[PDB]
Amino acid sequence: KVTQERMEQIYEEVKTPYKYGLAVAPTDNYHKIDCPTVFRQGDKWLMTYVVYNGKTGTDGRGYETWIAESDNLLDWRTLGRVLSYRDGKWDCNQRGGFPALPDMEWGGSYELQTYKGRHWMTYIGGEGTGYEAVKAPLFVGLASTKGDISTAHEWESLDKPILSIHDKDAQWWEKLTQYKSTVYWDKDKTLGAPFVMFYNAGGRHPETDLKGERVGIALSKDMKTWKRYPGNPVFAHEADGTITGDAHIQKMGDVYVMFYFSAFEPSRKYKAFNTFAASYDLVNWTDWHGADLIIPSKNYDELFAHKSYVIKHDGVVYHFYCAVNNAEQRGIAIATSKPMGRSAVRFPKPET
């Protein structure tokens, strides 16, 4: 276990008390923006994000993935789509992507790594319409590109998923559906494979029958064929309906830090929030015991302040997250370790 002292040091290193405000917001109530992944190439910071094109759980088609650029991590300009609705294919209605192989060094280059001359991305994919297919199963897809990842171009994707609830070796914790994945290139092969996927998924505990979303691992030698980690799930909070998800891992030397979100956790009065855990081995996680990193506190994030991507650059920590208010307007906001100004970006007026 990571010592309480080391955990407190990590907290001080990663905390972001000061909310800049919205970074990427919908301009009407029939789009919802979520799932930031921030990286950089050359002179631009980049953020992929998902857009759901409905107001309610059932009206929209599903996810597409977009990309935005920034010179300063705070002010973002949307460039266009990188994963679009794909008629005729398995993932025609849901294409919600998460770039893969990030450089994991806390305060490092924040680049995406190339493997076999390509950049890579996994995604939530499937055919069901509505918000995340209205609880129907979605599957983990794989996309890649030889293109310039700093531009809005369509990445290439496989015509079947790479992981599914229907796989022979699917485990109890992922039988209902799969959600976010991220693949890391662990050249040290800590878990015996170079490609390590952390993903969250829904299932019911086989003994206690508690439903929830939990975090587990899949392993690959080549990005194409995957095996589940036998010790899954590796990170969970066991209470009925509690969500633990969107694992985002960075390395502070020997310590891995998992930034994650939870929702409907009985020990927090607020409905969704971000916090962290830490590990020396990627399998046994020590949960932070102090204040959560991001919680609802402004009008724009008063319902959920959740899902993480964290950049340390030039002495400042930037924590990107999904802000949802009571009107269920949904966009991406930023918190920082010191005040960096205030965003003028706002949600549109909510509906009655």
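Don't overthink the numbering: it's just position in the shown sequence, from 1.
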Mean Cα B-factor check, 137 to 145 vs 223 to 231, entry values; winner is 223 to 231
Should the higher mean CA B-factor in the entry be assigned to 163 to 171 or to 179 to 187? 163 to 171
From 99, 212, 245, 216, residue of greatest CA B-factor: 212
Given 196, 79, 73, 239, identify the residue with the highest C-alpha B factor in the PDB entry. 239
What third of its chain's C-alpha B-factors does residue 17 belong to: lowest, middle or highest? middle
Third assignment of residue 290 from its chain's C-alpha B-factors: highest
Chain-relative C-alpha B factor for residue 314 (record values, thirds): the highest
Comparing against every modelled residue in the chain, figure out the third that the C-alpha B-factor of residue 25 lands in (lowest, middle or highest). middle
Residue 53's Cα B-factor: lowest, middle or highest third of the chain? lowest
